[PDB]
Amino acid sequence: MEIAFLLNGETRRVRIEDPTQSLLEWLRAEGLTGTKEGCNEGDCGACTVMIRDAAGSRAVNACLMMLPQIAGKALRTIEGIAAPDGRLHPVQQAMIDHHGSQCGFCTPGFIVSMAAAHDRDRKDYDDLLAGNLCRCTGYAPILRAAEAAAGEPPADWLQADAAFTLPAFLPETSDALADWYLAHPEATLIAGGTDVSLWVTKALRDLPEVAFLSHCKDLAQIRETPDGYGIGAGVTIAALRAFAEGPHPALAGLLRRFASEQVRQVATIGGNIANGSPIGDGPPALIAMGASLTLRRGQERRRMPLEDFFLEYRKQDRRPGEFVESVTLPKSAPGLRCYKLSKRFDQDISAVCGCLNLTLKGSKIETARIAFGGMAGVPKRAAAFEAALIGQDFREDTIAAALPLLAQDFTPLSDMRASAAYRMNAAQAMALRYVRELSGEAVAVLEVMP
Amino acid sequence: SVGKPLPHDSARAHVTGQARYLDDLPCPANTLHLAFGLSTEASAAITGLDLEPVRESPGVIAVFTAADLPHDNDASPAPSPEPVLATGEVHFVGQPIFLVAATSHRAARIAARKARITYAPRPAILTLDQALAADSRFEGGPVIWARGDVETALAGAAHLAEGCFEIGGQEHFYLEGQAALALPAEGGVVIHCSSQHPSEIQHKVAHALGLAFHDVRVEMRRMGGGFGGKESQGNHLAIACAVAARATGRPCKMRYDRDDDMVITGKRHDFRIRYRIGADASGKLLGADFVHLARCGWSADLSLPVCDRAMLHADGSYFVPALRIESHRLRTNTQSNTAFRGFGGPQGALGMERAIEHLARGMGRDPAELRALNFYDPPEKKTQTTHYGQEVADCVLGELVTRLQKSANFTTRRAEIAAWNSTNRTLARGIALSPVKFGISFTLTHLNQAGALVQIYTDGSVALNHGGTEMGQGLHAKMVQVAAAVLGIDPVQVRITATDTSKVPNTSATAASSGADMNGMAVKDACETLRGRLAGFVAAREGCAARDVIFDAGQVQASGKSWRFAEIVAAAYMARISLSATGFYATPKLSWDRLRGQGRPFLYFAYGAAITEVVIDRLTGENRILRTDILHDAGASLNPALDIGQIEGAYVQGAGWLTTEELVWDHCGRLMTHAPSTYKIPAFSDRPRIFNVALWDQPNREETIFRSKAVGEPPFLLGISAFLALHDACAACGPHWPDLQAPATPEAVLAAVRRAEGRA
Ligand SMILES: Cc1cc2nc3c(=O)[nH]c(=O)nc-3n(C[C@H](O)[C@H](O)[C@H](O)COP(=O)(O)OP(=O)(O)OC[C@H]3O[C@@H](n4cnc5c(N)ncnc54)[C@H](O)[C@@H]3O)c2cc1C
Ligand code: XAX
Ligand SMILES: Nc1nc2ncc(CO)nc2c(=O)[nH]1
Ligand code: FES
Ligand code: FES
Ligand SMILES: [Ba+2]
């Protein structure tokens, strides 16, 4: 089982004997030592590498990326950012000018992230470089570098890779996968690999029976159904956020604070749902906006409201040989809001994740769709709080009066992220916040101007 | 070259990815890889230890117990012992019990978990009150220093403010984690490691192997950050490596995985500070009374000097006529806490900063004004002293703060926030100014020494070597600048060489911000010896006085004639004059008694101030720093650029300590925050949206290297202004005292909001 790919402008063919080996491992075993291991967990971006294909170019974490995934793609590492002749990237030079490096260990990751941003001409440096942790500089000099480099023309040698291409199961079509997974139910389906790769790197597990879904085009589609949007399980979080910009600015707002840019490029919506995490941020959003899930088993196809898929803690409504195929979101959801709470804003896991969605019959509450993450063992709606809210007036005092009922809906946990007290308080705090934001009051601290 | 904003010594090498770190260095095909087998109990005796499944595990070459160690089993920087491998008992969850040597890093980590260890558990001493209740402590009692009589002062104070608050610890999170490599080289070993103190590595490895010091050679080129976390925590790896290298006959490499790293190694000492501060009717301080309860962990490490510095900085920035500290260094069944940028300094200063803020609010005066009224007097019959009796005669704080407040627009903004606050009810803004007075030097006097070794080659080019280690602070760049300045040459001609115990022996740890300070001097000494030799030669050859020979801009000038530096050196070579010299410096004037808390521990103090502005969500506690303004005294800066960078970074790290970074242990002493997904250092957008840093540029009173000031640690304390601003935002929410605790997480902020609001 041999794969080929463009490594820093030069073609390379590789026999894959261990399907689970990360790209970071391979690069360093090759001597391409410029890619650093910072944590091997996704959070620090010290291993950021730049991949390219038909879809464009993006910066990803090398440590989460397993080899069979870069098959057919063009890969660019730090030691490939500078020109063949030796000339530095506008990004690299600017970083030397503006003192963007101190100890230098995170510099390779940043350069790669900035170069990819430079290639795609993207200037939202806060969200882009959130994935790259630095402990020395205080970030200020790196911003000066990024802005100074932005005025320069793109590296043409980096763009020359776009000419390219134009043991472990890798399906071509959705039907092909449905065939194989039906025969191999006990299999480890790897999509983005941003959860699965932590079982090998951290949990030191071994995965037999492996299949990579990130090579199925038809599974990674956003299509328009005459009732909403058919979003396949293969659609990446970044792409989902990209699409949501228009129809659902609330979801796009939330997905901005979903992981980092490097994780969002490869991590998928089907995997986020199929991980079945209580602190997952995909489900509560979609459950609040009334989205349905579609499961597939060969030629069989089940459909349901997303909240019903989640039965219990680490327990889902999944048959043997059944996989997550897609989700359907309605065309509009104007009353939707998304509240993610965590110690830090960027690149964090939610303590509480409030998702409120009310519709109004002019002053009075028609429908209550209020869903929470990190409040239970499963992402679920606030049944008693919702029921008590229907028929009431949409004003602070009424919502304030129903707040005790949330303490019947959930009995939250205490851990390193938050105490149960605070989690409970936050869920109640988000309800008052929803009424205030809808009444034109200033509520978001991130929106404040210096 | 000194004073030019020149770039870091490996700036291009960093940016290209060509800069080598330990795990990057190429080594022999047969290099073994090491991993520790860690304890799962907080306090137990080891009844049984079955390492059979560990040996059977694939790729494993050797497995080691404490019993398998030849000679010493100690890695403590203390006089007291701290085992590398556990000896019959365990003292915290994450203590190395055994050592695995496998053919791959992965294979060793896999094998490390395969052990079968049976424990006889004892009651653990996890919390401060427990340690205090069970008398679990170090030094056999609390260290107490008194200046004047607090008890009598506070009894007749016009305004009194008592209180107590927690200040959490801090994980260093240097991007390059702990790492070492041993190479057995004919009867002796060569160690490469990511360490701030290669001399102690040598000292430890030597005892570990039972070799004389001249048989252990440590080389260290660069760290991927250190922050104090690599001042002693490196010992364990280098010992394990040399021990395994000795036993297996082949090279051994060890690097902690990020999750091992946080579980094993120490952190910043988390303190509890109880305070009693008092002032008179005019607002001058009458007395301040402090008790420090410091968490040390299972082992001594560097707790003794850390808590000494917390006490030394308990005055903060202010003159207090009567002051007492009661410093309990408490032993707990947790990680052996260690050095961290500031070295207890921030902890003690914050105690003073919270108390003075409390007092300010308690009597209802603008904290800025009360702080201003109470600074040490400016230079120019008697100079004020610290509580430890050291004269403060370089205090610029009064003027500095006045400058900063003009440029930061302090009085206008503070009024603008007041109005904005009364427009909102969900959001609140806060602003605060925090001063920094930080003493420079090791409190352990004899460690205030550094050495250098300089070679001039016949082609004119120079090879520079000093005792200090590069962890990102631009130390090598500063020394190159100093060297090229003293010799009168272009800094291009000076090449820095990796830190080597065989080149410069008996070095101290690169700590106390004294790195550039003492090595600057040491380099200057070596260069002046060399410049002197060349000047003397030219003067003889040209017939005149040595002092009349000018060395400038790569040109030498004597008797109206002028040569290039290379021309003179080559000629001096031909003349048979040594082009090699050692340099050495010891900090003068330092003498103090630790036990009585009297004397002059510091050569000078470093000053600075920061004005921070923040927003808080009153519903959830969410918050961010909107604007920061810093005016820091770097003295006559060696490098303006490098220094601004240090301030920029140390601020963000100081603020991060008091905001989003939080260590959490479970009910069993298991560290729950042991990954970057649970420990949250400031991310890209966490930076001040308006970040203004300006150097207070005035030469140092004391004779330091080109009258610069140590800029490494002092700015870390500027992060206090962020915690003070966060408190100011909470105080804007109601009549009550907020009582904000450190760190000020969204949860901790919301608690302080609702206290001022008075909501149960
Ligand atoms: C640094 C970092 C930050 C993160 N931050 C967040 C966050 O903010 N919010 C959040 O919700 N999550 C976060 N996560 C975890 C999150 O669950 C994943 O990153 C991602 O959303 C899952 O998508 P994936 O394709 O990577 O899943 P994978 O890792 O590919 O798979 C996860 C699980 O789903 C299964 N699976 C995948 N695809 C399918 C399918 N099509 N059908 C059936 N089963 C499938 C796999 O077998 C596996 O059990 C973070 C992870 C990292 C490493
Ligand atoms: N980039 C970067 N800058 C840094 C550090 C770092 O790791 N990386 N660490 C410090 C510390 S922490 Mo201490 O006594 O050990 S507790 S000494 C010290 C320091 C070391 O450099 P001198 O000032 O001695 O030359 O500067 C700081 N600036
Ligand atoms: N920053 C700092 N580090 C130290 N390290 C070791 C020692 C040894 O006692 N002292 C100190 C000190 O006083 N300050
Ligand atoms: S190693 Fe930290 S993200 Fe890849
Ligand atoms: S520069 Fe030292 S970690 Fe980013
Ligand atoms: Ba540490």
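Structure determination for this entry is recorded as X-ray crystallography, at 3.30 Å resolution.

The next thing to look at is the overall build of chain B. The helix and strand inventory of chain B stands at 19 helices and 29 strands. For a compact globule of 760 residues, the expected C-alpha radius of gyration is about 27 Å, and chain B comes in at 27 Å, within 12% of that figure. Over its C-alpha atoms, taken along the principal directions, chain B stretches across nearly 80 × 80 × 45 Å.

All names here are of chain A. Among all positions of helix 9 (residues 237-244), only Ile237, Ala238, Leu240, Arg241 and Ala244 are buried. The buried residues of helix 9 all sit within an arc of 165° when viewed along its axis, so they share a single face. Where helix 9 is buried, its residues touch helix 4 (125-128), strand 9 (228-232), helix 10 (249-256), helix 11 (261-264) and helix 12 (269-274).

Here we take up the site of ligand 3. Residues and elements named next belong to chain B. Close to ligand 3 lie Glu231, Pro305, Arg309, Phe343, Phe442, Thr443, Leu444, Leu447, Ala511, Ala512 and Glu713, which account for all nearby residues. Within the side chain of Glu231, a nitrogen or oxygen atom sits 2.9 Å from a nitrogen atom of ligand 3. At 3.3 Å from a nitrogen atom of ligand 3 is found a side-chain nitrogen or oxygen belonging to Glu713. Coverage of ligand 3 by the protein amounts to 94% of the 330 Å² it exposes when considered alone.

This part is about the nonpolar core. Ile277(B), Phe290(B), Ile616(B) and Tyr651(B) are the most contacted members of the largest nonpolar core, which totals 104 residues. With nine residues, the single largest contributor to this core is strand 27 (residues 604-617) of chain B. Among the nonpolar cores identified, the runner-up in size contains 75 residues, and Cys47(A), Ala233(A), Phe258(A) and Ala291(A) belong to it.

The next thing to look at is the side chain of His476(B). In this fold, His476(B) is placed in helix 14 (residues 475-487). In contact with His476(B), not counting residues within four places along its chain, are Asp9(B), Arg221(B), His466(B), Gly468(B), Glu470(B), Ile496(B) and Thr499(B).

In the structure shown here, the tally under the stated rule is 21 aromatic pairs over all chains. Both rings, one in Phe5(A) and one in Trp26(A), keep their centres 5.6 Å apart while their planes meet at 70°; by these two values the pair is edge-to-face. Here the residue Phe5(A) occupies a position in strand 1 (residues 2-7), and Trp26(A) occupies one in helix 1 (residues 23-29), the gap between them amounting to 21 residues. Here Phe5(A) and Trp26(A) have matching classes, each one buried. With a centroid separation of 5.8 Å and 65° between ring planes, the pair formed by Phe602(B) and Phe605(B) is classed as edge-to-face. Given the relative accessible area of 1%, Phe605(B) is considered buried. The structure contains a cluster of three or more aromatic residues connected by ring pairs, namely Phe110(A), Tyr139(A) and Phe684(B).

This brings us to the environment of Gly649(B). Positionally, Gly649(B) belongs in helix 17 (residues 640-657). The sequence separation of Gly649(B) and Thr402(B) amounts to 247 residues, and the corresponding C-alpha distance is 24 Å. Look past the residues within four positions of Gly649(B) in its chain and what remains in contact with it is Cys136(A), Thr137(A), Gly138(A) and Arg341(B).

A word on the interface of chain B and chain A. Taken together, the contact pairs 85 residues of chain B with 82 residues of chain A. A per-residue breakdown of the area chain B buries against chain A is headed by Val15(B), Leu175(B) and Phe684(B), which together make up 12% of the total. Between chain B and chain A we count 15 salt bridges in total. When the shortest N-O distance is used, the salt bridge between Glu441(A) and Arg425(B) registers 3.2 Å. For the pair chain B and chain A, the interface holds 43 residue pairs in polar contact. Counting residues per element, the side of chain B that touches chain A draws most heavily on helix 17 of chain B, which supplies seven residues.

Enumeration over the complete set of coordinates arrives at 88 salt bridges over all chains. We note a salt bridge from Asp126(A) to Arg687(B), for which the minimum N-O separation is 2.6 Å. Of this pair, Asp126(A) sits in helix 4 while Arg687(B) sits in the loop between helix 17 and strand 29 (690-696), each in a different chain. Each member of the salt-bridge network shares a partner with another, and the members are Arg28(A), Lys36(A), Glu37(A), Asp23(B), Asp24(B), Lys253(B) and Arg255(B).

Turning our attention to the environment of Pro247(A). Along the chain, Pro247(A) falls in the loop between helix 9 and helix 10. Between the C-alpha atom of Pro247(A) and that of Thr294(A), which follows or precedes it by 47 residues, the distance is 21 Å.

Take the UniProt feature "binding site: Ca(2+) 3" (unreviewed entry) in chain B next. All names here are of chain B. In the numbering used here, UniProt assigns the "binding site: Ca(2+) 3" (unreviewed entry) feature to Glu171 and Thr265. The named residues occupy 95 residues along the chain; their greatest pairwise C-alpha distance, 9.0 Å, places them in one compact cluster. Its place among the elements puts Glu171 in the loop between strand 8 (159-167) and strand 9 (179-185). Look at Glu171 and you get buried, because its relative accessible area is 1%.

On to the sheet that holds strand 5 (residues 74-76) of chain A, then. Residues and elements named next belong to chain A. Ordered in space as 2-1-5-3-4, the five strands form an open sheet in which the pairing is mixed. Two strands bound the open sheet, and with one partner strand each, they are strand 2 (10-15) and strand 4 (56-61). With direction set aside, neighbouring strand axes in the sheet form an average angle of 35°. As defined by bridge partners, strand 1 adjoins strand 2 across six bridges and the pair is classed as antiparallel. Residue pairing for strand 2: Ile3 is matched across the bridge by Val14. Lying on the sheet, helix 3 (residues 107-119) is in contact with strand 3 (48-53), strand 4 and strand 5; it crosses strand 3 at an angle near 30°.

Moving on to the side chain of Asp24(B). In this structure, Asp24(B) sits in the loop between helix 1 (11-16) and strand 1 (32-38). Not counting the four nearest positions on each side in its chain, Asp24(B) is found in contact with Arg28(A), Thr33(A), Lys36(A) and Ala19(B).

Turn by turn, an α-helix covers 3.6 residues, leaving residues three or four places apart pointing in a common direction. The buried fraction of helix 9 (residues 303-312) of chain B amounts to nine of the 10 residues, a majority that puts the element mostly inside the structure. For helix 9 of chain B, the set of buried residues is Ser303(B), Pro305(B), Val306(B), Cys307(B), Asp308(B), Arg309(B), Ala310(B), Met311(B) and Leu312(B).

In this section: the packing of helix 14 of chain B against helix 15 (residues 514-542) of chain B. Residue and element names in this part refer to chain B. Packing of helix 14 against helix 15 brings their axes to within 9 Å, and their N-to-C directions diverge by 30°. By the angle between their directions, the pair helix 14 and helix 15 is classed as roughly parallel. Taken as a pair, helix 14 and helix 15 cross one another with a handedness that is right-handed. Here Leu475, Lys478, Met479, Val482, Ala483, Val486 and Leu487 of helix 14 lie close against helix 15, whose contacting residues are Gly515, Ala516, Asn519, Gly520, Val523, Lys524, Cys527, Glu528, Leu530 and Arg531. The residue inventory of the contact of helix 14 with helix 15, partitioned by class, reads 10 nonpolar, three polar and four charged.

The next thing to look at is the sheet that holds strand 4 (residues 89-90) of chain B. All names here are of chain B. Judged by pairing direction, the sheet is antiparallel, and its three strands sit side by side in the order 4-2-6 without closing on themselves. One side of each edge strand has no neighbouring strand; the edge strands of this open sheet are strand 4 and strand 6 (116-121). Relative to strand 4, strand 2 (residues 44-50) runs antiparallel, the two being bridged by two bridges. Bridged to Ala45 within strand 4 is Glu89.

Residues and elements named next belong to chain A. Pairing geometry for strand 10 (residues 292-297) and strand 11 (residues 300-305), over six bridges, is antiparallel. When the sheet's bridge partners are listed, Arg297 is paired in strand 11 with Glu300. Turn length for the strand 10-strand 11 hairpin, with the two strands adjacent in sequence and antiparallel, is two residues, and the turn residue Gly298 shows positive phi of about 75°.

What follows is about the domain arrangement of chain B. Residue and element names in this part refer to chain B. Parsing chain B into structural domains produces domain 1 (1-123), domain 2 (137-171 + 266-391), domain 3 (172-265), domain 4 (394-443 + 603-759) and domain 5 (444-602). The centre of domain 2, based on its C-alpha atoms, is set 18 Å off from the matching centre of domain 4. On the side of domain 4, 47 residues touch domain 2, which itself brings 48 residues to the contact. Both sides together, the interface formed by domain 2 and domain 4 hides about 3800 Å², and carbon and sulfur atoms give 59% of it. Ranking the residues of domain 2 by area buried against domain 4 places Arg341, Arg361 and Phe375 at the top, with a combined share of 17%. Put simply, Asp366 and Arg414 hold a salt bridge, and the shortest N to O gap is 3.4 Å. In this assembly, domain 2 and domain 4 are joined by 21 residue pairs in polar contact. Per-element tally for the side of domain 2 that touches domain 4: the top contributor is helix 10 (residues 345-363), with 10 residues.

The rules we used
- Positions along each chain are numbered from 1 by the written sequence. They may not match the entry numbering, and residues without coordinates are not shown.
- Labels are handed out in written order, letters beginning with A for the chains and numbers beginning with 1 for the ligands.
- To obtain the side-chain values, all non-hydrogen atoms of the structure were included, while hydrogens and water were left out.
- Residues with missing side-chain atoms are left out of burial classes, side-chain pairs and their counts.
- Put simply, DSSP marks the helices as runs of H or I at least four residues long and the strands as runs of E at least two long, and each gets a number from the N terminus on.
- Atoms counted for the radius of gyration: C-alpha only. Globule rule: 2.2 Å times residue count to the power 0.38.
- Only protein chains enter the accessibility calculation, which uses a 1.4 Å probe; a residue is then buried when its area is under 20% of its type maximum, exposed when over 50%, and partly exposed in between.
- Directions are taken from the helix axis to each C-beta atom, and the arc is the one they span.
- Note on definitions: a residue-residue contact is assigned when non-hydrogen atoms from the two residues lie within 4.5 Å.
- When we say a residue is near a molecule or strand, we mean one of its heavy atoms is within 4 Å of it.
- Counting of polar contacts relies on pairs of N or O atoms within 3.5 Å, with two restrictions inside protein: one atom must be capable of donating a hydrogen and the other of accepting it, and residues adjacent in sequence are counted only when both atoms are side-chain atoms.
- For the accessible areas, the method is Shrake-Rupley and the probe is 1.4 Å, while residue cover comes only from the protein chains on display.
- Joining through side-chain atoms within 4.5 Å is the link that ties buried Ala, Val, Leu, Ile, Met, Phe, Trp, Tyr and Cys residues into a set, and such a set is a nonpolar core.
- The criterion for an aromatic pair is that two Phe, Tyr or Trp rings (for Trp, the six-membered ring) have centres within 6.5 Å, with stacked assigned to planes under 30 degrees apart, edge-to-face to planes over 60 apart and tilted to the rest.
- Buried area adds together the accessible area that both of two parts lose upon being put together, with accessible area traced by a 1.4 Å probe.
- Within this document, salt bridges are pairs made up of a side-chain nitrogen of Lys or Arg and a carboxyl oxygen of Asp or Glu, the two lying within 4 Å of each other.
- UniProt positions are given in the numbering used here, feature names are shortened, and annotations may be inferred rather than shown by experiment.
- Following DSSP output, two strands are said to pair if at least two bridges run between them.
- Under this scheme, a helix contributes an axis fitted over its contacting stretch, all axes are lines through C-alpha atoms, and angles between N-to-C directions fall in the 0 to 180 degree range.
- An angle counts as roughly parallel when it lies under 35 degrees, as roughly antiparallel when it exceeds 145, as roughly perpendicular when it falls between 65 and 115, and as oblique in every other case.
- Handedness of a crossing is defined here by the sense of rotation of the near helix relative to the far one, left-handed for an anticlockwise turn of less than a right angle and right-handed for a clockwise turn.
- The classification used treats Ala, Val, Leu, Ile, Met, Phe, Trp, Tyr, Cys and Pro as nonpolar, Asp, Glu, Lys and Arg as charged, and all other residues, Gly among them, as polar.
- An automatic or database domain assignment supplies the start and end points of every domain.

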